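Engineer: For reference, the structure I am asking about is given below.
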Amino acid sequence: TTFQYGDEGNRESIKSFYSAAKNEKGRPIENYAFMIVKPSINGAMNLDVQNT
Amino acid sequence: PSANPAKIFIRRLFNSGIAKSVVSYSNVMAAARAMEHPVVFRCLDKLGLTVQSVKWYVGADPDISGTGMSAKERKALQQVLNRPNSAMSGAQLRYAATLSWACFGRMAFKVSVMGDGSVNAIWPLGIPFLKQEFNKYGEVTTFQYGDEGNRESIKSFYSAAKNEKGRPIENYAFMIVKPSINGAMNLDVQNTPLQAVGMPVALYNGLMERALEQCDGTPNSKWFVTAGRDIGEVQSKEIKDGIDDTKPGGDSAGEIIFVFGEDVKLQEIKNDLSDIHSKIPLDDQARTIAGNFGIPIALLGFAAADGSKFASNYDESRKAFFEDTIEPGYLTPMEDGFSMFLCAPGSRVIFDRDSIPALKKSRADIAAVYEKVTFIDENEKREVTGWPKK
């Protein structure tokens, strides 16, 4: 739902693509962020098990 | 339903109404440590990338026809196949399926269907967290997913209610299995390479641990000196200060050592670490591990002493690896399972084999030869080289 960027004192909050408000055609109308993930064995979708 | 011979086993091994784990804990632990190994991880990544490189599509069945999905339905299913859900694309789904197949020998997915039966999303399931239940006739009836206090219950493709055409009208799940010698498949008997790579991995790890331990504990000295007892309380310091001054950057670097009136013995120490890691057995274990997975060692990047004696070039190995391992091992099971559990009869999911980069040169060279033959129709020439019929 939200991406938090920065340290505890200077953090910045960014809305995710899914939670961002969208127009009639489904495209966002405000700033947002997104991330890409490499799959792993456990099948967890977007959880912290890296594959590098 | 009573005709199934599988009832012999599931009355013994799997009591009705009790969910049992798909895989044993030892297999899960073996899979978990594989990803952190400098050899097995490379093989798994190679297989995953090679399998994901291949695209598929939805097409018509060439042998059995009639009552298949129309063009609209096939194009609708194409969208789901290209974008399975909101977080994974087709390539990532292929990667996860390939890893599951390579490690545990089985793969499962959950499929979401709308009211009219058309699919809208697909999700992968982790084999370690999956449990299944059987009726008294031996057919799976329910898939149990998750921990004891957070169970997610899913009905199997067989038990799900279906419309007039036999397609499910509610969420369901399905699993694919690799045959074993005993017969019945849905039992807790597996078929994976990891069964047979125990001793190689253990010996490799032991040898590397010994190498590190020797590296971190062997004295780093080059030669060793002894002296007699008849040396004063000070001349002994003078001797060492004289020897130390011949170090690089010293006041007497590069000069000779002249000791007057003492029997200072000198012995030289040769620390031979050239075989710290046991090169030969360590390479043998790597070759065995690579072989059991069906990957030519040349592609993995590890060296071998006889590459040219078998494989004339690198492209031949690249082509042979695909044609002999990827096609019959990984592509065919996924293809058959998806065609069985997603598409109605008369249609099929088809991988695009001929378009892979590795086979372009040969695919053109062979095609240029049939151009000369004349006792074959144009349609037959097109069929034998992979192109569709006009």
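Simple scheme: letters A, B, ... for chains in structure tokens order, numbers from 1 for residues in each chain, numbers from 1 for ligands in the order shown.
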Using only C-alpha atoms, what does the table of chain B residues within 9 Å of chain A look like, with each row giving the shortest atom pair and its distance in Å to one decimal, sorted by chain and ascending number, as CSV?
Structural biologist:
residue,atom,partner,partner_atom,distance
B:31,CA,A:41,CA,8.3
B:32,CA,A:41,CA,8.1
B:35,CA,A:51,CA,8.3
B:87,CA,A:45,CA,7.1
B:88,CA,A:45,CA,7.8
B:92,CA,A:39,CA,6.3
B:93,CA,A:39,CA,8.2
B:95,CA,A:39,CA,7.0
B:96,CA,A:39,CA,6.0
B:97,CA,A:41,CA,8.8
B:99,CA,A:41,CA,6.1
B:100,CA,A:41,CA,6.3
B:103,CA,A:41,CA,8.4
B:123,CA,A:45,CA,9.0
B:124,CA,A:43,CA,6.3
B:125,CA,A:43,CA,5.9
B:126,CA,A:43,CA,4.8
B:127,CA,A:42,CA,7.4
B:128,CA,A:42,CA,7.3
B:129,CA,A:42,CA,8.5
Engineer: Could you pull out all residues of segment 225-340 of chain B with a DSSP call of strand (DSSP E) and give them as number ranges by chain?
Structural biologist: B: 225-226, 265-268
Engineer: Identify all residues of segment 129-348 of chain B in helix (DSSP H, G or I) (DSSP on the backbone) and supply them as number ranges by chain.
Structural biologist: B: 129, 148-150, 193-196, 198-215, 235-244, 279-292, 297-300, 307-310, 315-341
Engineer: Excluding residue 159 of chain B and residues on its chain fewer than 3 positions from it, collect all residues at most 7 Å away from it, counting only C-alpha atoms, and give them as an mmCIF file with N, CA, C and O atoms, in the first residue's frame.
Structural biologist:
data_model
loop_
_atom_site.group_PDB
_atom_site.id
_atom_site.type_symbol
_atom_site.label_atom_id
_atom_site.label_comp_id
_atom_site.auth_asym_id
_atom_site.auth_seq_id
_atom_site.Cartn_x
_atom_site.Cartn_y
_atom_site.Cartn_z
ATOM 1 N N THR B 141 -9.732 -34.505 -3.080
ATOM 2 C CA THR B 141 -10.980 -33.770 -2.939
ATOM 3 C C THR B 141 -10.790 -32.343 -2.444
ATOM 4 O O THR B 141 -11.644 -31.494 -2.717
ATOM 5 N N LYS B 155 -10.949 -26.111 -3.016
ATOM 6 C CA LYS B 155 -11.509 -27.319 -3.601
ATOM 7 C C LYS B 155 -10.762 -27.691 -4.877
ATOM 8 O O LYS B 155 -10.356 -26.830 -5.661
ATOM 9 N N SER B 156 -10.584 -28.992 -5.079
ATOM 10 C CA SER B 156 -9.861 -29.481 -6.241
ATOM 11 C C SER B 156 -10.719 -29.365 -7.496
ATOM 12 O O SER B 156 -11.938 -29.188 -7.438
#
Engineer: With only C-alpha atoms as the counted atoms, please give the residues lying no more than 10 Å from residue 299 of chain B, apart from itself and same-chain residues fewer than 5 positions off, as a list in words.
Structural biologist: residues 43, 46, 314, 315, 317, 318 and 321 of chain B
Engineer: Save out the residues we just selected, N, CA and C atoms, as a PDB file, in the first residue's frame.
Structural biologist:
ATOM      1  N   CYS B  43      22.960 -24.370 -11.137  1.00  0.00           N
ATOM      2  CA  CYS B  43      22.178 -25.265 -11.983  1.00  0.00           C
ATOM      3  C   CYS B  43      20.700 -24.898 -11.957  1.00  0.00           C
ATOM      4  N   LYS B  46      20.193 -21.753 -13.974  1.00  0.00           N
ATOM      5  CA  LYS B  46      20.307 -22.050 -15.396  1.00  0.00           C
ATOM      6  C   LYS B  46      19.018 -22.660 -15.925  1.00  0.00           C
ATOM      7  N   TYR B 314      30.728 -24.959 -29.134  1.00  0.00           N
ATOM      8  CA  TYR B 314      29.894 -24.572 -28.002  1.00  0.00           C
ATOM      9  C   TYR B 314      28.418 -24.565 -28.389  1.00  0.00           C
ATOM     10  N   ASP B 315      28.128 -24.193 -29.638  1.00  0.00           N
ATOM     11  CA  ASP B 315      26.746 -24.131 -30.097  1.00  0.00           C
ATOM     12  C   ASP B 315      26.099 -25.508 -30.109  1.00  0.00           C
ATOM     13  N   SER B 317      26.688 -27.950 -27.995  1.00  0.00           N
ATOM     14  CA  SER B 317      26.295 -28.207 -26.614  1.00  0.00           C
ATOM     15  C   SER B 317      25.066 -27.392 -26.231  1.00  0.00           C
ATOM     16  N   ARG B 318      25.021 -26.121 -26.638  1.00  0.00           N
ATOM     17  CA  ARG B 318      23.863 -25.292 -26.316  1.00  0.00           C
ATOM     18  C   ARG B 318      22.586 -25.876 -26.910  1.00  0.00           C
ATOM     19  N   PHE B 321      21.708 -29.416 -25.077  1.00  0.00           N
ATOM     20  CA  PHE B 321      21.128 -29.239 -23.750  1.00  0.00           C
ATOM     21  C   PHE B 321      19.635 -28.971 -23.847  1.00  0.00           C
TER      22      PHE B 321
END
Engineer: Between atom CA of residue 244 of chain B and atom CA of residue 230 of chain B, what is the distance, to one decimal in Å?
Structural biologist: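 Separation between atom CA of residue 244 of chain B and atom CA of residue 230 of chain B: 21.3 Å.
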Engineer: I want to know what sits within 12 Å of residue 301 of chain B, based on only C-alpha atoms, with residues of the same chain fewer than 3 positions away left out; could you give that as a compact mmCIF listing (two decimals) with N, CA and C atoms, in the first residue's frame?
Structural biologist:
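So the final result, stored in around-v4.txt, reads:
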# COMPACT_ATOMS: atom_id res chain seq x y z
N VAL B 39 27.16 -24.42 -6.20
CA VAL B 39 27.03 -25.30 -7.36
C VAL B 39 25.57 -25.54 -7.71
N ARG B 42 23.58 -22.51 -9.10
CA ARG B 42 23.86 -22.19 -10.49
C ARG B 42 23.04 -23.07 -11.43
N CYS B 43 22.96 -24.37 -11.14
CA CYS B 43 22.18 -25.27 -11.98
C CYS B 43 20.70 -24.90 -11.96
N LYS B 46 20.19 -21.75 -13.97
CA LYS B 46 20.31 -22.05 -15.40
C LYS B 46 19.02 -22.66 -15.93
N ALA B 286 31.66 -31.76 -8.24
CA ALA B 286 30.95 -30.78 -9.06
C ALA B 286 30.48 -31.41 -10.37
N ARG B 287 31.34 -32.21 -11.01
CA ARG B 287 30.92 -32.87 -12.24
C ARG B 287 29.73 -33.79 -11.99
N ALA B 290 26.53 -31.68 -11.40
CA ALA B 290 26.06 -31.13 -12.67
C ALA B 290 25.44 -32.21 -13.54
N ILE B 295 22.75 -31.22 -17.07
CA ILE B 295 23.28 -29.98 -17.63
C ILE B 295 24.72 -30.24 -18.06
N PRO B 296 25.06 -30.12 -19.34
CA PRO B 296 26.47 -30.26 -19.74
C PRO B 296 27.33 -29.27 -18.97
N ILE B 297 28.46 -29.77 -18.46
CA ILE B 297 29.28 -28.95 -17.57
C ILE B 297 29.87 -27.76 -18.31
N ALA B 298 30.02 -27.86 -19.63
CA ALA B 298 30.56 -26.74 -20.39
C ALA B 298 29.69 -25.50 -20.25
N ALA B 304 36.54 -28.40 -17.65
CA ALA B 304 36.72 -29.83 -17.84
C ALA B 304 37.93 -30.03 -18.75
N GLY B 307 36.91 -31.13 -23.26
CA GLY B 307 35.78 -30.54 -23.96
C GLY B 307 35.76 -30.87 -25.44
N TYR B 314 30.73 -24.96 -29.13
CA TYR B 314 29.89 -24.57 -28.00
C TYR B 314 28.42 -24.57 -28.39
Engineer: List as a list in words the protein and nucleic acid residues near segment 7-17 of chain A, meaning an atom at most 9 Å away when only C-alpha atoms are counted, but skip any in the same chain fewer than 2 places from it.
Structural biologist: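 My list of contacting residues is residues 1, 2, 3, 4, 5, 19, 20, 21, 28, 30, 31, 32, 33 and 34 of chain A.
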Engineer: Between atom CA of residue 17 of chain B and atom CA of residue 151 of chain B, what distance in Å does the model show, to one decimal?
Structural biologist: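 Between atom CA of residue 17 of chain B and atom CA of residue 151 of chain B the gap is 15.5 Å.
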Engineer: As a PyMOL selection string, please: the residues near residue 78 of chain B (cut-off 12 Å, only C-alpha atoms, same-chain neighbours under 6 positions excluded).
Structural biologist: chain B and resi 55-59+71-72+84+90+118-121+342-343+348-350
Engineer: Work out how far atom CA of residue 136 of chain B is from atom CA of residue 162 of chain B, in Å to one decimal.
Structural biologist: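 Computing the Euclidean distance for atom CA of residue 162 of chain B and atom CA of residue 136 of chain B yields 22.1 Å.
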